[PDB]
Each structure stands twice: as C-alpha cells, then as structure tokens.
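Residue indices begin at 1 and follow the sequence shown. Every heavy atom of this structure was used, including side-chain atoms; hydrogens, water molecules and symmetry mates were not.
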Amino acid sequence: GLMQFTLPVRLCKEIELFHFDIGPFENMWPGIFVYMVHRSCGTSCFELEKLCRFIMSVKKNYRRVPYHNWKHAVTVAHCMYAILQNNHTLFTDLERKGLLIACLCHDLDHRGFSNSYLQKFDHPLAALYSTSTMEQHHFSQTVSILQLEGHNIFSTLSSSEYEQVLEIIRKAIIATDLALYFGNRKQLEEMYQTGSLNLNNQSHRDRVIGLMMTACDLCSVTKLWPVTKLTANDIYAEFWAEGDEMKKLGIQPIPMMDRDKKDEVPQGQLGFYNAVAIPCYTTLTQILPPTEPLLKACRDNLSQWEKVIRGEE
Ligand SMILES: COc1ccc2c(=O)n(C)c3c(C)nc(-c4ccccc4Cl)n3c2c1
Ligand SMILES: [Mg+2]
Ligand SMILES: [Zn+2]
C-alpha cells in the first residue's frame with residue numbers, strides 16, 4: 001500500500017493541466033494512468049496487482065488504428081482526471097473510480113469505422129446493437145475484461161456499489177456516442193438557463209456526466225495547436241479509410257471522409273468546432289466553471305483553423 005507512482009518533475013507538474021500531452025513513450029502510459037487513479041481516487045481504490053492486470057488487458061484489446069487506439073484511451077482518461085481534480089467536492093468516491101475506468105475503456109476494440117459504416121456494411125454488430133453500435137460493444141468488452149480471473153478491480157465493493165459503478169460506466173460509455181450528445185447538451189442548456197439543473201437529481205447527474213464524457217472524448221481540440229493539428233491527421237487517416245470502404249460498397253462518402261477532398265479539411269474543422277466542440281465546452285464551463293481552460297484552448301484552436309483557411313498557414 002506504501003508504493004506510490006511518481007513521475008519526472010516536468011510530467012508531475014504538466015499532468016495537472018488540461019492541455020497535457022501524454023508523450024510518445026507508450027511504456028509510460030500505464031504508469032501515468034495509475035498515478036492519476038492514486039491522486040484522483042486514492043492508493044486504496046484498487047489492488048495494484050489487479051489494476052495492473054486490468055490496464056494491460058485493456059491495452060491489448062485496443063487495435064493498431066491511427067486514432068481510436070490505446071493513446072486515445074489514456075488521453076481521454078487524463079482529461080477526465082483534470083476535470084475531477086478541478087471539481088474535487090462535486091463527485092462521489094464511486095463516480096471517481098467509475099469515470100477513469102469508463103474513459104480508459106470507452107473505445108475498446110474500435111476498428112476505426114463509424115456506426116454508419118457498420119450499418120451500411122451490414123456488420124454483425126449492427127444486428128446485435130441497432131443504436132450506439134460500437135459504444136454497446138465497448139461496454140460489452142469492458143464487462144468481459146472485468147470477468148477475466150484476477151481482473152475484477154471492483155471485487156472489494158459491496159454488491160450495490162458494484163451494480164452502481166457498472167451502471168455509471170455503461171451510461172458514461174453510451175454517452176460517448178456523438179449522435180446522443182446534441183440532445184443531451186440542448187437539455188442541459190435548457191435546465192441551466194431556466195435554473196432547474198439539480199446535481200442531487202440522479203437523471204441530471206447522468207446528463208452532466210455524459211457531457212463530461214463528450215468533453216473528454218473531444219479533448220484533442222483542446223491541446224496546444226501543434227498537438228491538435230498533428231492529431232487531426234490521425235483522425236482524417238481513419239475518416240479517409242472509411243471513405244475508401246464506402247466507395248468500395250458503391251457509396252460516394254461525405255466530403256469529410258473523401259481523400260480526394262483534403263482541401264476542404266480546414267472548413268470541415270470550422271464546422272465541427274462551431275457545431276460540436278465550442279457548444280460542448282460552453283455548456284460544460286457553465287455547469288462546471290473550473291473547466292473554462294478547455295473552452296479557452298478550443299477557441300484558440302478554432303482561431304488557428306481560421307488562420308489555415310486565410311492561407312496564413
Ligand atoms: C460526426 O463525427 C465526427 C466528425 C468530425 C470529427 C472531428 O473533426 N474531430 C476533431 C473529432 C474529435 C476530436 N473526436 C471526434 C469523434 C467523436 C466521437 C466519435 C468519433 C470521433 Cl472521430 N471527432 C469528430 C467526429
Ligand atoms: Mg467512441
Ligand atoms: Zn473516443
């Protein structure tokens with residue numbers, strides 16, 4: 001129990017900041033996650049033997065795709081760590097335990113293709129899960145890894161606490177289905193503005209947790225410009241692979257997914273920042289004021305994309 005993880009001084013300081021980049025050294029990512037669990041949750045939340053075995057089985061079940069990979073998993077968990085650390089007293093012990101694990105697991109076994117491509121392909125998962133196809137798969141994969149011998153990091157919870165944390169993780173993971181974010185955010189916007197938002201109302205907490213999951217999931221738009229810009233290439237490498245597979249089914253893909261229409265990328269990012277990211281971090285900042293640095297970083301990156309269009313880069 002007296003074994004802390006400790007990071008080098010530069011990481012020890014920068015990890016606390018929303019805009020931290022976890023770096024190109026893969027073998028440090030498990031250590032970074034465990035550090036974040038210890039500071040966010042406690043050195044007791046989990047038996048280190050089981051947590052380490054859980055982390056390595058999760059890593060194994062992320063594939064070698066350009067964006068939806070183990071690095072995304074750890075990045076999204078770090079943004080959740082930054083939110084939880086800046087909002088100390090607003091979250092239960094069970095929520096802090098659940099949300100870091102949900103973030104690490106949220107895209108388990110992703111192949112780099114959207115729910116739409118699975119449906120048009122007629123992939124068997126599209127028959128098993130009619131909506132939120134990949135997200136219901138990611139939750140299924142999370143439960144499977146939890147049930148491997150030696151992997152049940154929640155085994156020391158009471159029966160009811162166990163049902164509650166698995167229910168936090170399921171809603172958290174389903175909420176990363178971007179098609180569900182638009183309605184979730186409108187509802188939170190109305191509740192905030194009419195004054196009826198109530199964090200002791202579980203249905204409202206669920207909604208606020210869903211928005212946090214979206215905010216963490218999108219956190220590549222909230223880094224320093226060079227990280228944001230170089231991550232956008234990984235994102236587009238999957239989009240264009242999906243675009244190619246669409247053309248193989250005899251369907252012209254949307255221009256965002258068409259590698260012939262790379263010119264339209266900067267305008268595509270404008271649309272995405274204005275339609276999705278800016279509104280997401282605005283409502284989040286309204287509900288949880290200390291998450292303002294994510295909105296400020298996102299606006300900065302919006303401005304960097306405007307500069308790309310004006311030929312200034
Ligand atoms: C409608 O789906 C889009 C379109 C464009 C983007 C995009 O441009 N960015 C930056 C993005 C970022 C940073 N995470 C995502 C994303 C979120 C959930 C699921 C899959 C992805 Cl890929 N997206 C996007 C998603
Ligand atoms: Mg996902
Ligand atoms: Zn994701």
Side-chain angles (χ1 to χ4, degrees), residues 19-24 26 62-76 79 106-107 109-123 126 133-135 138 176-179 181-182 214-282 294-313:
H19 60 266
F20 188 56
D21 176 88
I22 64 176
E26 297 208 355
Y62 275 92
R63 297 174 179 271
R64 297 195 181 109
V65 294
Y67 176 65
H68 283 104
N69 55 41
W70 176 235
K71 195 179 192 169
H72 174 64
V74 179
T75 299
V76 162
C79 192
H106 85 280
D107 275 324
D109 191 38
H110 211 288
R111 336 296 179 102
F113 300 110
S114 65
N115 293 334
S116 290
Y117 177 70
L118 285 222
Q119 301 155 21
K120 270 149 189 156
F121 185 75
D122 199 7
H123 192 279
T133 302
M134 288 303 309
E135 297 78 15
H138 306 315
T176 65
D177 172 0
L178 199 65
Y181 144 82
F182 294 104
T214 309
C216 294
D217 203 10
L218 299 182
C219 75
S220 288
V221 305
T222 72
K223 309 303 188 180
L224 293 208
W225 168 239
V227 178
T228 287
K229 179 190 158 199
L230 284 168
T231 308
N233 288 344
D234 299 331
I235 293 170
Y236 272 88
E238 304 199 345
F239 286 171
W240 296 332
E242 178 161 329
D244 286 354
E245 292 301 329
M246 282 295 180
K247 301 178 180 175
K248 286 186 190 171
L249 290 169
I251 311 174
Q252 250 306 114
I254 71 195
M256 188 179 278
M257 295 196 193
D258 187 350
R259 69 167 77 255
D260 296 328
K261 303 195 174 150
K262 300 201 203 218
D263 50 297
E264 300 177 45
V265 159
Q267 190 80 57
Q269 289 302 284
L270 276 207
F272 184 87
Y273 278 61
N274 281 311
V276 186
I278 301 288
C280 171
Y281 293 115
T282 307
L294 290 167
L295 171 58
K296 170 192 182 310
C298 179
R299 283 195 175 286
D300 280 332
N301 285 326
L302 175 48
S303 151
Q304 290 300 282
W305 285 112
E306 278 162 340
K307 287 184 180 145
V308 167
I309 291 148
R310 298 191 306 253
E312 307 169 47
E313 45 160 5

Would a distance-only check, ignoring hydrogens and angles, find a side-chain to backbone donor-acceptor pair under 3.5 Å from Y181 to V276? yes

Basic-acidic side-chain contact under 4.0 Å: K248, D244: no

Do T214 and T176 have side chains that get closer than 4.5 Å, going by heavy atoms? no

Would you say that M134 contacts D107 through its side chain, given a criterion of any heavy-atom pair below 4.5 Å between the two side chains? no

Of all heavy-atom pairs between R259 and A241, which one has the smallest distance, and what is that distance? NH2-N, 3.8 Å

Are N69 and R63 close enough, and set up right, to give a side chain to side chain contact (heavy atoms under 4.5 Å, CB included), and what steps lead you there? CA-CA 6 Å; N69 55 41; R63 297 174 179 271; over 6 Å; no

Spatial distance of atom OG1 (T231) from atom CG (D21) [nearest 0.5 Å]: 7.0 Å

Which heavy atom of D217 sits nearest a heavy atom of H106, and at what distance? OD1-NE2, 2.9 Å

Is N115 close to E135 at the side-chain level, that is, under 4.5 Å between some pair of heavy atoms? yes

What pair of heavy atoms forms the shortest contact from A277 to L218, and how long is it? CA-CD1, 4.3 Å

Is it the case that the side chains of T228 and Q304 hold a donor-acceptor pair, with the cut-off being a distance below 3.5 Å and no angle test? no

Kindly indicate, with the supporting measurements, whether the criterion side chain to side chain contact (heavy atoms under 4.5 Å, CB included) is fulfilled by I254 and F239. CA-CA 10 Å; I254 71 195; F239 286 171; over 6 Å; no

Ionic contact status for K262 with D260, cut-off 4.0 Å: no

Nearest 0.5 Å please: distance from the CD atom of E245 over to the OG atom of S114. 11.5 Å

For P266 and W305 the tightest heavy-atom approach is CA-CE3, 4.0 Å

Minimum heavy-atom distance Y281-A215, with the two atoms named: OH-O, 2.6 Å

Side chains of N301 and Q269 only: does a donor on one sit below 3.5 Å from an acceptor on the other? no

Begin with the C-alpha distance, continue with both residues' side-chain angles, and end with the deciding distance and a verdict on side chain to side chain contact (heavy atoms under 4.5 Å, CB included) for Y236 and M256. CA-CA 8 Å; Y236 272 88; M256 188 179 278; 3.9 Å; yes

Begin from the C-alpha positions of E312 and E306 and carry the test side chain to side chain contact (heavy atoms under 4.5 Å, CB included) through to its verdict. CA-CA 9 Å; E312 307 169 47; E306 278 162 340; over 6 Å; no

Between atom NZ of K120 and atom CD1 of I251, what is the distance when rounded to the nearest 0.5 Å? 5.5 Å

Within a strict 4.5 Å, meaning less than it, do heavy atoms of the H19 and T222 side chains meet? no

Between CG on residue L295 and OG1 on residue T282, distance to nearest 0.5 Å: 4.5 Å

Is any side-chain heavy atom of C280 closer than 4.5 Å to one of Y273? no

Beyond-backbone contact of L294 with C79, side-chain heavy atoms, under 4.5 angstrom: yes

I want to check something: taking the side chain as every heavy atom from C-beta on, are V308 and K229 in contact at a cut-off of under 4.5 Å? no

Separation of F20 CZ from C219 SG (nearest 0.5 Å): 12.0 Å

For the residue pair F121 and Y117, categorise the inter-ring angle as parallel (less than 30°), tilted (30 to 60°) or perpendicular (more than 60°). tilted

Count the heavy atoms belonging to other residues, nucleotides or ligands that lie under 6.0 Å from CZ of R64, then report whether that count exceeds 12. no

Is the ring pair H110/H138 parallel, tilted or perpendicular, if the boundaries are 30 and 60 degrees? parallel

dist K247:NZ -> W240:CH2 (nearest 0.5 Å) comes out at 11.5 Å

Within a strict 4.5 Å, meaning less than it, do heavy atoms of the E238 and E242 side chains meet? no

